[PDB]
Amino acid sequence: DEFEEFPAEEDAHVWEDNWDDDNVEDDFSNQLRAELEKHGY
Amino acid sequence: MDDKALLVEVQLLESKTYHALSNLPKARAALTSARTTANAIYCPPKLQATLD
Amino acid sequence: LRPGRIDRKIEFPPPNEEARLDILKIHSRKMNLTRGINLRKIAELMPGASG
Amino acid sequence: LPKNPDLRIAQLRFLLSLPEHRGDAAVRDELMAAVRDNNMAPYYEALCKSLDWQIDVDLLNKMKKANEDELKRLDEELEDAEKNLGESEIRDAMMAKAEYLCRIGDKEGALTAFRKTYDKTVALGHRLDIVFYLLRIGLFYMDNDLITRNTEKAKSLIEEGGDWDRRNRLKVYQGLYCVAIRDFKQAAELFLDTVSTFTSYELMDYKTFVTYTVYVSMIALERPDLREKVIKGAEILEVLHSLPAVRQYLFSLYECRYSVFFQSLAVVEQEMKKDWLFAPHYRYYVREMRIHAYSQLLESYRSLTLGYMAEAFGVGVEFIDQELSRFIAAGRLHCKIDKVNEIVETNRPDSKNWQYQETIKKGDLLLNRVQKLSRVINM
Numbered sequence: 017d018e019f020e021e022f023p024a025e034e035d036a037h038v039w040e041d042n043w044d045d046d047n048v049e050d051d052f053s054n055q056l057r058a059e060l061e062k063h064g065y
Numbered sequence: 160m161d162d163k164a165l166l167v168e169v170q171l172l173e174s175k176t177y178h179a180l181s182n183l184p185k186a187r188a189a190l191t192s193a194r195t196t197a198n199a200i201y202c203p204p205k206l207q208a209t210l211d
Numbered sequence: 306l307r308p309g310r311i312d313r314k315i316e317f318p319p320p321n322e323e324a325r326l327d328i329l330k331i332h333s334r335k336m337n338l339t340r341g342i343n344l345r346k347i348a349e350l351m352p353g354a355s356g
Numbered sequence: 011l012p013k014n015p016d017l018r019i020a021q022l023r024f025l026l027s028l029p030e031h032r033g034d035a036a037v038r039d040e041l042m043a044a045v046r047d048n049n050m051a052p053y054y055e056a057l058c059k060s061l062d063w064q065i066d067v068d069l070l071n072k073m074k075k076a077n078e079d080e081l082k083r084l085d086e087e088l089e090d091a092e093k094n095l096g097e098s099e100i101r102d103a104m105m106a107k108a109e110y111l112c113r114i115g116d117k118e119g120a121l122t123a124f125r126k127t128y129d130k131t132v133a134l135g136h137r138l139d140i141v142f143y144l145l146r147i148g149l150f151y152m153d154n155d156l157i158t159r160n161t162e163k164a165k166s167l168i169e170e171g172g173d174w175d176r177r178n179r180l181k182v183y184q185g186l187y188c189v190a191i192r193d194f195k196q197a198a199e200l201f202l203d204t205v206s207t208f209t210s211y212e213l214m215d216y217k218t219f220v221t222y223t224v225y226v227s228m229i230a231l232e233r234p235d236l237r238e239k240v241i242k243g244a245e246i247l248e249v250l251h252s253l254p255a256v257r258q259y260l261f262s263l264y265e266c267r268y269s270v271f272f273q274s275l276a277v278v279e280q281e282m283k284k285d286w287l288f289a290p291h292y293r294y295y296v297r298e299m300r301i302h303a304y305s306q307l308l309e310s311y312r313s314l315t316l317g318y319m320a321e322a323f324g325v326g327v328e329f330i331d332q333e334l335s336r337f338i339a340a341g342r343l344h345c346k347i348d349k350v351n352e353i354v355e356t357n358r359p360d361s362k363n364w365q366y367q368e369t370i371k372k373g374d375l376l377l378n379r380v381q382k383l384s385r386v387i388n389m
């Protein structure tokens, strides 16, 4: 029962990706280095 | 080659080095082979002590 | 053992070299053999295996 | 198996493709030496066009002429085998032609030649070898469809009949592909199965294989299986004795030394960024490892002050608060933060409560299915 009444209107990734992957932030190494530097003094 | 005393010594050394690397199964297999070759030749007191 | 009660007496000689290889293949089918497991050498090491 | 195609070449190409290492010199020299020794003319041209390098006219012409005359010799040998020699000779000649085609980097020509050889090859072992060669090509180029289809074909060939060595090699190949697809559970399973008898030295040396196995096992295996299969594993421990960094990283999680664990995790994230296979998934690996460490710490506590856990992780209170909030928002950690008193309280569901939730969910799914079936059939 094709609902023709409603019109029927790169990233070839095979792995499922959750939302957290999209979030943009400095690499973990930079974060850890900065935190250790700031807690070193 | 037929020099089995040096073979026993070398197998014992390999077993010891295997144990030092945490590869216990292979170390035990090497020690079993060394014991098998030792119970086929004259094991002097020093070699017997090392094997034991 | 008269040829009217027992007609055919089939002998079962101990397997020969090719027979030993065939038996090894038969009993090693389900085994996990490793490349370089030449069975002809093993069979040659069994001169008169019962089967 | 043959080293061709050399996955080190693909790794170097990806490393150069990385932004920071695009200008690296030593990798440049290594890749150029590999290209010259192997005489990959099509690969050289593709790499030059992709990386916008300056094509060496003399070297390029020399490589092209060498490839041309080698191909002419191979074609002459193929014609001679076709005219005079039997089917086996022609099959081997076409196999050699395809091998050299893969040598220079011609993906399409090499694939077509290997397909023809497979069509003209009857021996099951040679068909498996051809499938392995195509799988290696796919890994070198990262063609998902090619790798999937060829893995299915290799599985079918092994099921029909196959030696144990080919099964082990195919297990390692599936593990590598799974690591490249981010299905880390299957990667850990396969690699832990094959670590005892690693015989596929063409893809990667044993040290790299053990490092990958440790990484994927820690991202996938839980604590009991991790202890039983990785911590106490003789092969993995023996290999790790030569890799202090990987050994420290693995033992940090099991021994509960979280600051060293985070140092090693930063090092591992940096290492995977450069790796050609873990590069697409390095962020996910680091995030999941951090989540696993947080959950492991919280398993033995019900309410631990943010200060204590910040000290344990060698990080500030603010960073741990932000990370814990982010991970709680995603429903990964079972805890609720209390900023005013700075106390983290674990809300791990009771066995009865979790069982009730699971039964509710599964029964809802089954009831939706039953309702759909009843609607479909009742007319």
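For the record, the sequence lines run as chains e, X, C and Y. Just so you know, the first sequence maps onto residues 17 to 25, 34 to 65 in the entry's author numbering. The entry's author numbering numbers the first residue of the second sequence as 160 and each following residue consecutively. The entry's author numbering numbers the first residue of the third sequence as 306 and each following residue consecutively. The entry's author numbering numbers the first residue of the fourth sequence as 11 and each following residue consecutively. Heads up, the beta-carbon is just placed ideally off N, CA and C, and yes, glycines get one too.
C-beta neighbour in chain X for residue i, strict 7 Å
| i | result |
| --- | --- |
| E248(Y) | yes |
| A244(Y) | yes |
| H291(Y) | no |
| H136(Y) | no |
Spatial neighbours of residue i in its chain, beta-carbon cut-off 7 Å, leaving aside the 5 residues before and after
| i | result |
| --- | --- |
| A189(X) | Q170, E173, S174 and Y177 |
| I328(C) | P320 and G356 |
| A320(Y) | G326, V327 and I330 |
| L326(C) | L344, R345 and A348 |
| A123(Y) | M104, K107, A108 and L111 |
| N178(Y) | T204, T207 and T209 |
| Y53(Y) | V45, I114 and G115 |
Closer than 7 Å to chain e by CB, residue i
| i | result |
| --- | --- |
| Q21(Y) | no |
| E212(Y) | no |
| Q306(Y) | no |
| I191(Y) | yes |
Where residue i falls: helix, strand or coil (DSSP)
| i | result |
| --- | --- |
| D155(Y) | helix |
| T209(Y) | coil |
| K181(Y) | helix |
| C188(Y) | helix |
| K346(Y) | strand |
| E316(C) | coil |
| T339(C) | coil |
| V132(Y) | coil |
| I311(C) | coil |
| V354(Y) | strand |
| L306(C) | coil |
| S181(X) | coil |
| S174(X) | helix |
Residue-chain proximity (residue i, chain Y), Cβ-Cβ < 7 Å
| i | result |
| --- | --- |
| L180(X) | yes |
| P203(X) | no |
| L329(C) | no |
| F52(e) | yes |
| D35(e) | no |
| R340(C) | yes |
| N337(C) | yes |
| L172(X) | no |
| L190(X) | no |
| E59(e) | yes |
| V48(e) | no |
Proximal residues to residue i (C-beta, below 6 Å), its chain only, five neighbours per side dropped
| i | result |
| --- | --- |
| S313(Y) | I353 and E355 |
| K195(Y) | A230 |
| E168(X) | none |
| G119(Y) | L111 |
| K13(Y) | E212 |
| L156(Y) | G148 |
| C188(Y) | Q196 and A197 |
| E92(Y) | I100 |
Chain-order list of residues whose beta-carbon lies under 8 Å from that of residue i (same chain, five-residue window excluded)
| i | result |
| --- | --- |
| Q367(Y) | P359 |
| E55(Y) | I65 and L70 |
| residue 28(e) | Because chain e is numbered from 25 directly to 34, the model contains no atoms for residue 28(e). |
| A35(Y) | none |
Interface flag, residue i vs chain C, CB-CB below 7 Å
| i | result |
| --- | --- |
| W63(Y) | no |
| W174(Y) | yes |
Query raised in the report: Is it a yes or a no for the stretch 170–183 of chain Y touching the stretch 262–273 of chain Y, going by three-plus beta-carbon pairs under 8 Å?
Result: no
Query raised in the report: Do the stretch 84–96 of chain Y and the stretch 147–167 of chain Y meet, that is, are 3 or more Cβ pairs less than 8 Å apart?
Result: no
Query raised in the report: Should the stretch 238–258 of chain Y be regarded as contacting the stretch 198–208 of chain Y, the criterion being three or more beta carbon pairs within less than 8 Å?
Result: yes
**Report entry** Contact the stretch 20–27 of chain Y vs the stretch 57–65 of chain Y: 3+ CB pairs below 8 Å
**Finding:** yes
Query raised in the report: Would you call the stretch 93–113 of chain Y and the stretch 28–46 of chain Y in contact, with 3 or more CB pairs under 8 Å?
Result: With the cut-off at 8 Å, the stretch 93–113 of chain Y and the stretch 28–46 of chain Y do not touch.
Query raised in the report: Is the stretch 250–267 of chain Y close to the stretch 159–168 of chain Y, with three or more CB pairs under 8 Å?
Result: no
Query raised in the report: Between the stretch 281–289 of chain Y and the stretch 242–254 of chain Y, do three or more beta carbon pairs fall short of 8 Å?
Result: Judged by Cβ distances under 8 Å, the stretch 281–289 of chain Y makes no contact with the stretch 242–254 of chain Y, as fewer than three pairs qualify.
Query raised in the report: Should the stretch 30–37 of chain Y be called in touch with the stretch 204–222 of chain Y, which here means at least 3 C-beta pairs below 8 Å?
Result: no
Query raised in the report: For the stretch 246–256 of chain Y against the stretch 213–225 of chain Y, are there 3 or more C-beta pairs whose distance is under 8 Å?
Result: yes
Query raised in the report: If you pair each beta-carbon of the stretch 329–343 of chain Y with each one of the stretch 296–313 of chain Y, do three or more pairs fall below 8 Å?
Result: In short, these stretches touch, since the Cβ pair count reaches three.
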